[PDB]
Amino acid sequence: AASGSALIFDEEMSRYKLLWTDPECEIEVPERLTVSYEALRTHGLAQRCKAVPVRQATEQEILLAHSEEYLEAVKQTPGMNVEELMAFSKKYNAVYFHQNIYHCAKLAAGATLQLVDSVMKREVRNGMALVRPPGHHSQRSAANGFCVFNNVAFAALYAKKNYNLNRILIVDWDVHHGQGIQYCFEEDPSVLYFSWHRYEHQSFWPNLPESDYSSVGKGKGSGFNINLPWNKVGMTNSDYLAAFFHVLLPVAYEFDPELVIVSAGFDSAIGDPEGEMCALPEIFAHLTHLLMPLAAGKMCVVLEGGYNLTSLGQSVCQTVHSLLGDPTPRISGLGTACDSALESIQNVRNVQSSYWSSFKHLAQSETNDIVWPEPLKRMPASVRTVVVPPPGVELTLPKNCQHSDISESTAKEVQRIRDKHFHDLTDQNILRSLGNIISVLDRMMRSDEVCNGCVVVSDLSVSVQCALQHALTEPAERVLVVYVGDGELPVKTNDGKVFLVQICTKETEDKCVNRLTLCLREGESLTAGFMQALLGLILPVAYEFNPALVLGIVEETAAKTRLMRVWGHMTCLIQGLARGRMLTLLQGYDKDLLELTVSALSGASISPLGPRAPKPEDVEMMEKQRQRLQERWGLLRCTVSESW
């Protein structure tokens, strides 16, 4: 199984620049590459990636996406003087040429192909190519928007041809629309293109009607092009995450790509003079993290734009941190997307409802100078995951996992807690597990040596009570509890410090807004239903709640239901919260569930779900939960609110 993250970079790509006055092009500078690599070096991140050399894309590889006429014309630019390069540049929109840009364009494209090969050959899990010139605007026969050749279109075409892939996801989170990519794949159902972009009702460059939400693809490709236009500037973390939870992720997990390619322009970040958005560099840690469970982790991140040298370096670092598996930063202050964003989101969801299961209930009425704080450090835990199996059970752990050793003080605390709240308890196995829970929690909370943990337990109520209560003291300001099982737990949600997600079998009305109860009907559609709940309900609320610790709980009766085909996906996605600090209590020994839990907790790749559609009874149940909760938890909203 693949390990490591590739970093593809070469300083030759900084050796072309603009040679005449052009206020429109002067932002695209060599230093974008320099500053990004050096930020990766400053933070120790480049040193932890597998350096993979660049190469030239061959003529045959260029012709996968471009015409002979356009290649032949670009092939002449190395012989041109400055006057001739100016004349040639003026034939295109917002692009400049330089004696060395053809060379660099072949390197940017070859670097991307190097990244695809490394990932697809399983030499690395994932990676990032830091390239110039960018590519997502270039077209079959035109340079455009600082782009000469379409680096990301190459990668998907090349991955199709040489690895016989049937499903490729391209995510373009650059602030501009990648119209070159859209045109390349508009008729192709094998490539799903998603782009958000500043649009402002078509007044923002490149000013194209087909960058609107109504362009869904053409022909056999209808439904595999998704445009989310931003019609105001100032979009925040909340807007970007609303886009992911309510548009991109439901479609991406249903598509089930075999490879993910990211057109990663960071001009969508705060401070950028082109984007004028307000999302913090830390959001890219989460945009990367939320997509990493797809395609068994096979993700190729390719640099596009980004022009504020400061937010550029920080956003590159946040992305590579997540590719390397470092713990995600906590995102505070999340809430409803703004009204303009909710309008764009509801519009794209409505036009896409003809094509995607997650949105299908919408189709009929029966169914429905700028400055910001420096990012904190993101250091991997010495031991990522600690595991406490039943006594005697030895298991093969991934290289970054360990078994627990109850201390003397810990043992005194269990006696104290025993001598207050469970006085008639002497079952020295339970008392061992309570020492295990406290020992694990103290390593998670106090030390940065250990990130998360999993403890197998016998008695739920005493273990849950001591886990939760021990977390609340020694401050964990807020605790998210995720319980798979029936019955009521010793968990009080009447103070705002605990949010409880319960996935159960009995349909029970819940009364207050700090509890989300999901009764999913039994059957084969249960896997699709849980995934829809996870992306569209659980993750929006959890992200807004912003817990300091996550407590997972699985009762023994549920440990062999179809609902635990998704346990790995939830465990990976839920580590976007609380900087990955999650304690899981498994009731009873299940060898596989404990293996899967530890695997996901440790950051391993997880198997795809493959293939369908969920029961309409479940969709109605979930939308009733959204109605009940979205006034309190605005990140749940995916429509504009009713004005009174």
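Only the largest set of C-alpha atoms that superpose within 1.5 Å between the two forms is called the rigid core. Residue indices: 1-based, along the sequence shown.
Problem set entry | Stretch farther from the shown model on average in 4 other deposited structures of this protein, with CA RMS computed after core superposition (54-62, 612-620) | Once the core is superposed, the stretch further away in 4 other deposited structures of this protein is 612-620.
Problem set entry | More variable segment, 443-451 or 169-177 [Cα RMS over structures in 4 other deposited structures of this protein, core-superposed] | Per-stretch check in 4 other deposited structures of this protein: the more divergent one is 443-451.
For this session: For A559, record whether it is unmodelled in at least a third of the other compared entries of this protein.
Result: Per the records, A559 goes unmodelled in at least a third of the other entries.
Exercise. Within the set of other compared PDB entries, does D486 lack a model in a third or more?
Worked result: Result for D486: never missing in the compared entries.
Exercise. Unmodelled stretch from the deposited sequence between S404 and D405, which bin: none, 1 to 3, 4 to 9, 10 or more?
Worked result: In the record, 1 to 3 residues between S404 and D405 lack coordinates.
For this session: Between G44 and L45, determine how many residues of the deposited chain lack coordinates; answer none if the chain runs continuously, otherwise 1 to 3, 4 to 9, or 10 or more.
Result: The entry leaves nothing out here.
Problem set entry | Higher-scoring stretch by recorded Cα B factor average, 601-609 or 53-61 | Taking the mean B-factor of the alpha carbons in each, 601-609 is higher.
Exercise. Should the higher mean CA B-factor in the entry be assigned to 376-384 or to 167-175?
Worked result: Mean CA B-factor is higher for 376-384.
Problem set entry | Maximum C-alpha temperature factor, selected from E69, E38, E595, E31 | Within the set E69, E38, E595, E31, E595 shows the top C-alpha B-factor.
Exercise. Which one of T112, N81, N400, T236 shows the biggest C-alpha B-factor in the PDB entry?
Worked result: Of the options given, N400 has the highest CA B-factor in the PDB entry.
For this session: Using the B-factor values recorded in the entry, state whether the Cα atom of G496 falls in the lowest, middle or highest third among the modelled residues of its chain.
Result: It belongs to the highest third of the chain when residues are ordered by C-alpha B-factor.
Exercise. Of the three thirds of its chain by CA temperature factor, lowest, middle or highest, which one includes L636?
Worked result: Answer is middle: the recorded C-alpha B-factor places it there.
Problem set entry | Within-chain third of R581 by Cα B-factor, per the entry | Ranked within chain, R581 CA B lands in the middle tercile.
Exercise. Mind checking which third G127 falls in for C-alpha B-factor across the chain?
Worked result: Lowest third, going by the recorded CA B-factors of the chain.
Problem set entry | Chain-wide C-alpha B factor ranking for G392, given as lowest, middle or highest third | Answer is highest: the recorded C-alpha B-factor places it there.
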